[PDB]
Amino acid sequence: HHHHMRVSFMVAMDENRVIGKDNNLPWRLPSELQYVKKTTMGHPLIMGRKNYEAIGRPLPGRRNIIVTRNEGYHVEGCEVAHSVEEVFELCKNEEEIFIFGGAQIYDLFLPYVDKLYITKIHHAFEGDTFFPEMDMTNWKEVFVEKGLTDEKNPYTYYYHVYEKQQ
């Protein structure tokens, strides 16, 4: 029944798991976006249809895969899938794919996540979209580092990476 690729989550959330507000990001952290680009470069990005449209354009140097239940949905420079299994088919030969949100898409792929790249922002934003709860039993933190806080990046935040022990 198994897929061969590593399923990694890529997400940034606040102290209460908020990841979005009014179909956008509640914060603006250029430095954190650089870490995201650095980490995901050359790997497929899997994104919910809403997430993708908020971004608005294909992210260069990565396979953009959009998840939608719309069978007539198309976008140039991007791939479209309509299910977890169709993603696994498209990415069958990939080493590692990144589930890039948003919340519905995180929920979809949660039974399959092997590795978690999560930025935690030490602030409580007003929001309406939340990262799903996770049982970390049998996971281990393998990297942690404080983010750069300066004029362009006005919050305290940390990068964490957790690996499943399965």
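One-based numbering along the sequence shown.
On average the C-alpha atoms of 64-72 have higher B-factors than those of the other stretch, with 64-72 and 116-124 being the two compared. Comparing 97-105 with 135-143, the higher mean C-alpha B-factor in the PDB entry belongs to 135-143. For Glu79, the recorded CA temperature factor ranks within the highest third of the chain's modelled residues.
Among all modelled residues in this chain, the alpha-carbon of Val7 has a temperature factor (C-alpha) in the middle third. Annotation for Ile46: C-alpha temperature factor in the lowest third relative to the rest of the modelled chain, per the entry. Per the PDB record, residue ranking by Cα B-factor puts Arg17 in the lowest third of the chain.
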